[PDB]
């Protein structure tokens, strides 16, 4: 082998074509299916896998009660080929309530984090062996991407954050070769708060569109120079704006520089990416709840400090349906490299309360440069059919 260096143009794109969907929640109504959440999908150089954090349990299981809770000793990183759902024959790849995987182009990397919330620990598993670990630097829930990392020439990159969600916290960027931490850099540039990044290979470095829980509903940006380990950070220019909750596109703002203090705390994992001067982005259809999903292009969304000019929209899930998290993945074609994405469709509690559990399913679309139509592909589970 050689390593993945990702030196091809981004493919020009027109929108997004359907790719995959697993129907996980419908299946659990008469099936032995894992309770999960925070999915992602990533690809080795020949095929793609889906990943998720299990809740140490299946859905038709008295143990599935109260799985709203994010962190317990029984969450584990699941991995299957893209499209086969998480049944009992599924491999738990590590111990983890927070994770991130990628493939340098020889083996797989998994960064997995369990432990006490005040002194968690992250193990670095590469090609089978546990090659490294780190402890919690700020003693407050050590956490990572919940999506794909990226590797150029045998150096991978994850970004992690220890500290306060709704306050100043402590964000570093790890450079890791064959499972060994070979450099740590701290955040620079202007980004007030940088949780749950969605990263990708804009060749000679990496770019992430991340999540601000404190002061922002515009989304952060985190530039990583692969060669000398420099970092830069900003916010996306577009005044269309990526987070939930948010303000509404009459009364929305961003200057590409500072948070916006517009329902500026909480948030959700989401994604974006530049095209020359422009920006493709998705987001919930609701400004308030985590409902619906929509993509579009903003003209100028990358370059100019508040552009609200949107073309090529798409409704991936309709208004009247639930979604949740979301992120990006990149797959190299014969000539260019393409950008794809997934969205977690979460069901049950907090919101729906007829039942006592919390799980999700998924749907995935990939960038097309051709023609496409119109539709909407929700979870599709009648909660009345469901156990508990």
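Numbering follows the first chain given and starts at 1.
Output the stretch having the higher mean C-alpha B factor in the entry; the candidates are 84-92 and 297-305. Between 84-92 and 297-305, it is 297-305.
Mean C-alpha B-factor comparison - 62-70 and 322-330, higher one: It is 62-70.
Could you say which of 117, 162, 146, 248 has its CA atom at the highest B factor, as listed in the PDB entry? The C-alpha B-factor peaks, among 117, 162, 146, 248, at 248.
Of the options 45, 54, 39, 30, which has the highest CA B factor as deposited? Out of 45, 54, 39, 30, the record gives the largest C-alpha B-factor to 30.
Residue 132's Cα B-factor: lowest, middle or highest third of the chain? Middle third - that is where residue 132 ends up once the chain's C-alpha B-factors are sorted.
Should residue 343 be placed in the lowest, middle or highest third of its chain by the C-alpha B factor in the entry? It falls in the bottom third of the chain.
Taking the chain's C-alpha temperature factors as the reference, tell me which third residue 357 falls into: lowest, middle or highest. Ranked within chain, residue 357 CA B lands in the highest tercile.
By the record's CA B-factor, is residue 261 among the lowest, middle or highest third of residues in the chain? Its C-alpha B-factor, which the entry lists for residue 261, ranks in the highest third among residues of this chain.
Using the B-factors in the PDB entry, rank residue 372's C-alpha atom against the chain and give the third, lowest, middle or highest. Bottom third by C-alpha B-factor.
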